[PDB]
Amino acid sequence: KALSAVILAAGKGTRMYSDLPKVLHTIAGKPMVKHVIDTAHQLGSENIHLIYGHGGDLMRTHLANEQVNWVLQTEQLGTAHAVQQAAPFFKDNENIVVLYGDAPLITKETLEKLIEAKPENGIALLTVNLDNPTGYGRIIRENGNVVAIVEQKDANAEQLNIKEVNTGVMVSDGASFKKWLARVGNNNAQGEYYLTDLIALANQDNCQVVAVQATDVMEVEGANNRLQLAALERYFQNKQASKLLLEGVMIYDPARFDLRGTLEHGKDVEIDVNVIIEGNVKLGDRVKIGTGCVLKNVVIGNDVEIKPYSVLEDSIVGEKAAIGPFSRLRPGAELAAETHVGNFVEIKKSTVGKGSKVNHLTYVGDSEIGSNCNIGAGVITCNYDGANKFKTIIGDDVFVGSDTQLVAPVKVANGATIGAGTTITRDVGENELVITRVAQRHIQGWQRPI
């Protein structure tokens, strides 16, 4: 049958000591709640009801494009109250899964098992075994079913030794949820309406609740502060690196690797220590990435080596190119096949054609550079002091001597040669040689201050 999710995300997250609400803090570059939304979506959820409250405006700006129903909870009166806000929208004969915006590691696989174990008119409850279950509600199994969740303070001596514990995530049909939610009270020490009580209420109705154990404890772990969040971060990154290693990516140290988005890869890819991969990154076969590199939203072709401490963003690099070390590719950098970019070089919004080299101490911006060019050390494309930023066009087989200033807008045609120390403001024609006539003063017998 159909499925919809409810995600609880209204918390202030006081112990984060932040102006952001609790669930907006990121894991692997994405808000915690966004992980849960994505998981709900790939689970097959028709509707996703987002219970929000604190930091309302920030939730809306940061998650403006998410396909969710925005259910604003004016008061935090408990998890049952929270879910009941969305209940008017539950279809009677759809399954409903309840998830927490601050527990982002929960997997689609675990949740499929939960949904599959839900008996008709009943509940599937996700549990977890802890080594020290102190403070948490114990699962009481009478036969194969859950008959009670006994809280720490109520449990007897032998019930305290039970390791199986309630996570609060559960699945039931929409009609059941509407019926049971209306029956939960707040007669307890905290004065709150607990979703937990649905288990007692189901048992009162002679309905079954089946437990499904989570495989990984970390899956159901929430974050109430930044220390806990950093532990979730490390577990997530290590799991991402492990999956890539098992797919054939050589990661020299998985504890020193960060993926903050998606990585598509060929075979025999090598990624050295302390690399960060952000946004959508695609690497072809036998790409090698040296230590300290940062790649954000790039496509890298087969057989390219990126040497240490290169930073690349929104760029494309063709096959057999060599980049780094200490290279910077800014947005719109498009490097063709067999190009060379070297140390202390910055390339911004420019195309560089096949075989061309830019190997030292150079800024190229808003330029088209053709094939088999040689851009010398210390070359700079610049503009006049004016308004907008104009383009430099360099054809094929051009030599640009070191320390040349190319003053946009300007064109240098095929086969041109420019001498070192030149200032180019006028168009250079095909096979034109431009050299600077320097005037120098030579003084003989000049003794330096020892």
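Residue positions are given as counts along the sequence shown, with the first one as 1. Here the rigid core means the biggest group of C-alpha atoms that line up within 1.5 Å when the two forms are laid on top of each other.
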| request: Using RMS Cα distance over all structures and residues, flag whichever of 261-269 and 145-153 lies farther from this form in 8 other deposited structures of this protein after a core fit. | output: 145-153
| task | Could you say which moves further from this form in 8 other deposited structures of this protein, stretch 107-115 or stretch 134-142, by root mean square CA distance after aligning on the core? | result | 134-142
| request: State which stretch shows the higher mean Cα B factor in the entry: 89-97 or 144-152. | output: 144-152
| query | Comparing 325-333 with 115-123, which stretch shows the greater average C-alpha B-factor in the deposited entry? | reply | 115-123
| said: Looking at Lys320, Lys282, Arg138, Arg286, which one carries the largest C-alpha B-factor according to the PDB entry? | reply: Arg138
| field | Residue of maximum C-alpha B factor among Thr291, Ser371, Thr110, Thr262, per deposited coordinates | value | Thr110
| said: Per the entry's values, where does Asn47 land by CA temperature factor relative to the rest of its chain, in the lowest, middle or highest third? | reply: highest
| query | Comparing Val36 with the other modelled residues of its chain, is its CA B-factor in the lowest, middle or highest third? | reply | lowest
| task | Determine, from the deposited record, the chain-internal third of the Cα B-factor for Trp180: lowest, middle or highest. | result | middle
| request: Name the third of the chain's ranked CA B-factors that contains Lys163, choosing lowest, middle or highest. | output: highest
| task | Just say lowest, middle or highest third for the CA B-factor of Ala255 relative to the other modelled residues in its chain. | result | middle
